[PDB]
């Protein structure tokens with residue numbers, strides 16, 4: 001259950017390059033569900049920092065659920081596209097929040 005794009009603690013963010021066949025909001029919510037709860041789903045190009053185009057955005061709640069999705073999501077073969085996953089700017093530190 002989500003409505004826009006707002007990440008939580010320092011440690012969890014991954015985005016999708018090469019998005020296969022029509023892959024829209026409904027697919028991303030259930031095919032990326034099987035290791036825990038997700039806070040952002042949208043297939044738009046972000047118009048403020050001009051990042052990579054016709055591409056996809058997902059986010060989770062804690063740094064342990066990112067390490068399992070990089071192994072089962074690097075390599076997904078479906079027709080004439082491959083899935084290729086990238087994490088957005090890593091950081092491991094203790095902030096007062």
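Please note: Cβ atoms are built from the backbone with ideal geometry, for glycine as well, and neighbour counts cover all protein chains shown. Every read-out reported here was derived from the displayed coordinates using simple, explicitly stated rules and does not represent laboratory data.
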Margin query: Could you sort the peptides 45-53, 79-87 by per-residue average Cβ neighbour count (10 Å cutoff), highest mean leading?
Written below: 79-87, 45-53
Check: What angle do you read, to the nearest 10 degrees and between 0 and 90, between the alpha-carbon axis of helix 64-73 and the longest principal axis of the chain?
Finding: 20 degrees
Notebook entry, point to check: Taking the alpha-carbon centroid of each part, what is the distance from segment 23-58 to segment 59-78 in angstrom?
Noted result: 13 Å
Margin query: Eigenvalues of the Cα gyration tensor times 5, then square-rooted: what semi-axes does that give for the chain, in whole angstrom, largest first?
Written below: 22, 16, 14
Margin query: Explain nothing, just the number: relative contact order of segment 1-89, from Cα pairs under 8 Å at least 6 residues apart, as a whole percent.
Written below: 41 percent
Item checked: residue 68 versus residue 45: modelled label distance in nm, points set 7 Å from Cα along the beta carbon direction -> 3.5 nm
Next item on the list: Compute the FRET efficiency between residue 7 and residue 84 as 1/(1 + (r/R0)^6), taking r as their Cβ-Cβ distance and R0 = 30 Å, and round to the nearest 0.05.
Entry: 0.90
